[PDB]
């Protein structure tokens, strides 16, 4: 069970959740509340645009922002989460295309059935 949240959670270059994000975070929290028993793995990813070191750092900061919301706004213990940043290292689509690049800019939430 993997929930893919596009980066329409943050403004360009930012790792602070933008006001509009709440709508997508709440549907993700409903799915989390169903399968909270096991590990909630929050993984951050970017495309290849920019520096790979900076993009790895940014992807982790974005994954931490999503966990913080789930933890504080969703009232789930810190212990229930695993957060990771992958940068440009795990693409879903190839980065040779703008459509591909857009698909890679995401924060994923992994749950077990």
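Numbering follows the first chain given and starts at 1.
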So 80 to 88 or 33 to 41, which one's hotter by mean CA B-factor in the entry?
33 to 41
Report the stretch with the higher mean CA temperature factor, choosing between 100 to 108 and 20 to 28 on the basis of the entry.
20 to 28
Residue 1 - Cα temperature factor, lowest/middle/highest third of chain
highest
For residue 51, return the chain-relative third of its C-alpha B-factor as stated in the PDB record: lowest, middle or highest.
middle
